[PDB]
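Engineer: before I ask anything, here's the sequence and the deposited coordinates:
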Amino acid sequence: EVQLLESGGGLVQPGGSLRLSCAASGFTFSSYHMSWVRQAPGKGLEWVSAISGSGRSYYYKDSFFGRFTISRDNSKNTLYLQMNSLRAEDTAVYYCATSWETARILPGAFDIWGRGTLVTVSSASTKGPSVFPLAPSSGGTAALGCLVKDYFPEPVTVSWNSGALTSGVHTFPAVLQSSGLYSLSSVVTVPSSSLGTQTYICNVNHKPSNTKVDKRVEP
Amino acid sequence: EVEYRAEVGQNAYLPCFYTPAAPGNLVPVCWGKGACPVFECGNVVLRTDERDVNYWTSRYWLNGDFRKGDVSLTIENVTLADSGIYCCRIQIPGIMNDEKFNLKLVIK
Amino acid sequence: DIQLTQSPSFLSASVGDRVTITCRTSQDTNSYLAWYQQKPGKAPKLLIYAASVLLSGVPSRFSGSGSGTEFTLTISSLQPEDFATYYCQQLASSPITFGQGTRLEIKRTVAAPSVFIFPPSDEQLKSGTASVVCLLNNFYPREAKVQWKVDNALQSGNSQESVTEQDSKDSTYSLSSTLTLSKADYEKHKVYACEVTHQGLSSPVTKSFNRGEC
């Protein structure tokens, strides 16, 4: 399994600096072009930066001239982006990517991507969510959920019963409330019959705030 | 533009030179078929690193002293199919420094 | 910079359909184009590169063609899981640039929302806000009117909705509508009602509760 795992994403004030990391496993790192590619929420794909196998050749899109520096440590199989002079519009998910299968025909065609790490450029303060039960009230199917209210920045994750319940789960795109805080509900539909027997807990991680909440949802 | 020519069945020669920052301070080079893309070579036919050649096949080799930065290419026994633009790319270190040479082979 | 313009920006098409997405480049891009498929919350998946070459793993019902300044991605025999935003990318000249993206949703038979409504939790009310949530579950098409009524007064300005991305299997959407009041405002009124127009409802479904009933 060829794998890229970014970290370092998080909240940073405009004008401020951030180093992203990308951990590569399951191939010979040092013989592959690495790129960064980024994607503002809801918006398109923008290529950022590339670096040669050897790590001595650097490439950049104009917008990053002077601000961003790509590096690799081939002995740590790790790719870096140093981002300086960050701006609101630099707020995006940052992927590392490579051309692996593609390399022998067209480098820069990225068959292999990471998960992404979200960089948020904002003056706003980190705030942890409140998690509130969406309790089933009212035939054969019950909805319940969790309201994950009033957090900054993105993201939060919600699993259900520690990842054991996935069928029927809808976790909604967070909305920026007027307050500048994000809000989001995760709902799941289950057998009404199951309300007495199965316990339902939503697991909300808001890593930015190191907030972990496990909410029991009772009817 | 500058057509390089060869008859079918001949070896072709494509010139590509760069200047080592210093002798035996070599820079990665690649040849591919098709004009130079964004990065490295399309359809690599030959690839060097700082030390030596690390990818090739039988039909393609460096005919010169690549340690002095003569990375001109020979193509064994050309067919018409070997016609087109070949990329020679010098991966000079630092920022956006690549030297890209497209050379047009034409095969009578 | 080489501009990539995809067309259409948006496409809605039925399972089994043949669909083409075009990508036009502002300069000669040779064969140096890639097509990617991005599902929500996921990284782009490379389908096709060098215009025409399939990545191993990619169904043969995907195909690329073109060269120079105009390129096509074709999906024959469209499947539900082919929901995604599709991007072209040029690899001819720095910087690497993508198209704006084509969103392909799957046309599909009309499916009514199942509607649920959730009172404010006691927990939230402590903190002096009431969020009332209405779930439209698993409906198609996407277009759907949620109207919030408080004691029959149509509500305005105090609600937001979020929609799930089309489901990859059954091609449905779900929709949260959240009505935000102060606990003050929430106490004053009694009936809280979520009224749903959808194409798969002959008439509005209303789900309501009375504040302070089990």
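Structural biologist: Thanks, I have it. Numbering: from 1, shown residues only, chains lettered A, B, ... in the order given.
Engineer: surely residue A:90 meets residue A:118?
Structural biologist: No: taking contacts as CB atoms under 8 Å, residue A:90 lies outside contact range of residue A:118: 11.5 Å. All C-beta spots, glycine's among them, are computed from the backbone N, C-alpha and C.
Engineer: okay, the two: which has more neighbours?
Structural biologist: residue A:90 (22 against 18; other CB atoms under 10 Å in any protein chain shown).
Engineer: mind listing what the nearest residue to residue A:105 once chain neighbours are set aside touches?
Structural biologist: In this structure, residue A:105 finds its nearest non-sequential neighbour in residue C:50, 5.2 Å apart by CB to CB, 6 or more residues apart in numbering or on different chains. Residues near residue C:50 by CB atoms under 8 Å, 6 or more residues apart in numbering or on different chains: A:105-106, A:109, B:42, C:31-34.
Engineer: same thing but at 7 Å, please
Structural biologist: A:105-106, C:31 (CB atoms under 7 Å, 6 or more residues apart in numbering or on different chains).
Engineer: ok, and the closest non-adjacent residue to the residue nearest the centre of chain C?
Structural biologist: In chain C, the residue lying closest to the centroid (CA atoms, centre = their mean) is residue C:165, at 3.7 Å. With sequence-adjacent residues excluded and distances taken as CB to CB, 6+ apart, residue C:165 is closest to residue C:40, at 3.8 Å.
Engineer: helix, strand or coil for that neighbour?
Structural biologist: Under DSSP: H, G, I helix; E, B strand; the rest coil, residue C:40 falls in the coil class.
Engineer: for it, give me phi and psi.
Structural biologist: phi -50, psi 130 (degrees, to the nearest 10).
Engineer: one step back: what about the residue nearest to residue A:105, distance to residue C:91?
Structural biologist: Residue C:50 sits 9 Å away from residue C:91, going by CB to CB, to the nearest Å.
Engineer: identify the contacts common to these two.
Structural biologist: residue A:106.
Engineer: which single strand of chain B contains the most residues?
Structural biologist: strand B:99-107 (DSSP state E).
Engineer: which helices and strands sit right next to that strand?
Structural biologist: Helices and strands touching strand B:99-107, as assessed by 3 or more CB pairs under 7 Å, 6 or more residues apart in numbering or on different chains; DSSP states H and E, comprise strand B:3-6, strand B:12-14, strand B:84-90.
Engineer: list the strands paired with the last one, with their directions.
Structural biologist: In this case it means strand B:84-90. strand B:29-33 (antiparallel), strand B:99-107 (antiparallel) (DSSP bridges).
Engineer: kindly report the same for the second one.
Structural biologist: With DSSP bridges as the test, strand B:12-14 is paired with strand B:73-75 (antiparallel).
Engineer: buried ones in the partner strand?
Structural biologist: Within strand B:73-75, the residues that qualify as buried are B:73, B:75, counting by 16 or more other CB atoms under 10 Å in any protein chain shown.
Engineer: flag every buried residue along stretch C:118-125.
Structural biologist: Within stretch C:118-125, the residues scored as buried using 16+ other CB under 10 Å are C:118-121, C:124-125.
Engineer: check what contacts it and list those residues.
Structural biologist: By CB under 7 Å, 6+ apart, stretch C:118-125 touches A:132-135, A:137, C:130-133, C:183, C:186, C:209.
Engineer: so the residue nearest to residue A:35 when sequence neighbours are not counted, which of the three states?
Structural biologist: Spatial nearest neighbour of residue A:35, excluding adjacent residues (CB to CB, 6+ apart): residue A:50 at 4.5 Å. Under three-state DSSP, residue A:50 falls in the strand class.
Engineer: ok, residue A:50 touching residue A:59?
Structural biologist: Yes: counting by CB atoms under 7 Å, residue A:50 touches residue A:59, with 4.0 Å between them.
Engineer: neighbour count winner among these two?
Structural biologist: Regarding residue A:50 and residue A:59, a neighbour count based on other CB under 10 Å identifies residue A:50 as having more, with 28 against 24.
Engineer: now do the contacts for that one.
Structural biologist: With CB under 7 Å, 6+ apart, residue A:50 has these contacts: A:33-35, A:59, A:70, B:39.
Engineer: of all these, which two lie farthest apart?
Structural biologist: A:70 and B:39 (12.8 Å; CB to CB).
Engineer: and the residue of chain B nearest chain A?
Structural biologist: For chain B, the nearest residue to chain A under the criterion CB to the nearest CB is residue B:93, separated by 3.7 Å.
Engineer: what about the residue nearest to that residue when sequence neighbours are not counted, distance to residue C:72?
Structural biologist: Of all residues not flanking residue B:93 in the chain, residue A:56 sits nearest, at 3.7 Å (CB to CB, 6+ apart). For residue A:56, the distance to residue C:72 (CB to CB) stands at 38 Å.
Engineer: before we move on, what about residue C:105?
Structural biologist: 20 Å.
Engineer: from the centre of chain B, give me the residue that's furthest out.
Structural biologist: Chain B, farthest from centre, CA atoms, centre = their mean: residue B:95 at 21.5 Å.
Engineer: now do the same contact list for that residue.
Structural biologist: When contacts are counted by CB under 7 Å, 6+ apart, residue B:95 is found next to A:58, A:60.
Engineer: for it, give the beta-bridge partners.
Structural biologist: Under the criterion used (DSSP bridges), residue B:95 bridges to residue A:58.
Engineer: so what are the domain limits for chain A?
Structural biologist: A:3-121, A:130-216 (automatic domain parsing).
Engineer: first-to-last residue distance for the shortest one?
Structural biologist: Start and end residues of domain A:130-216 are separated by 14 Å (CA to CA, to the nearest Å).
Engineer: next one: the longest one
Structural biologist: Using CA to CA, the span of domain A:3-121 from its first residue to its last is 27 Å.
Engineer: quick one: it to chain centroid distance?
Structural biologist: Its chain's average C-alpha position is 14 Å from that of domain A:3-121, according to CA atoms, centre = their mean, to the nearest Å.
Engineer: for stretch A:207-219, same thing?
Structural biologist: 18 Å.
Engineer: and stretch C:112-121, by the same measure?
Structural biologist: Mean-position distance between stretch C:112-121 and its chain equals 20 Å (CA atoms, centre = their mean).
Engineer: for stretch A:178-186, same thing?
Structural biologist: 17 Å.
Engineer: and if you look at stretch C:169-181?
Structural biologist: On CA atoms, centre = their mean, the centre of stretch C:169-181 falls 11 Å from the chain's centre.
Engineer: now do the end-to-end distance for stretch C:4-22.
Structural biologist: 10 Å.
Engineer: next: stretch A:116-125.
Structural biologist: End-to-end distance (CA to CA), stretch A:116-125: 22 Å.
Engineer: quick one: check it for contact with chain C.
Structural biologist: Yes: judged by CB under 7 Å from any CB of the partner chain, stretch A:116-125 comes into contact with chain C at residue A:116.
Engineer: and the residue nearest to residue A:179 when sequence neighbours are not counted, what helix or strand is that in?
Structural biologist: Spatially, and ignoring its direct neighbours in sequence, residue A:179 is nearest to residue A:150 (7.0 Å; CB to CB, 6+ apart). For residue A:150, the element it lies in under DSSP states H and E is strand A:141-151.
Engineer: centre of the chain to that strand, how far?
Structural biologist: Worked out by CA atoms, centre = their mean, strand A:141-151 lies 21 Å from the chain centre.
Engineer: packing partners for it?
Structural biologist: Using 3+ CB pairs under 7 Å, 6+ apart, strand A:141-151 sits against strand A:130-134, strand A:182-191, strand A:201-206, strand C:129-139.
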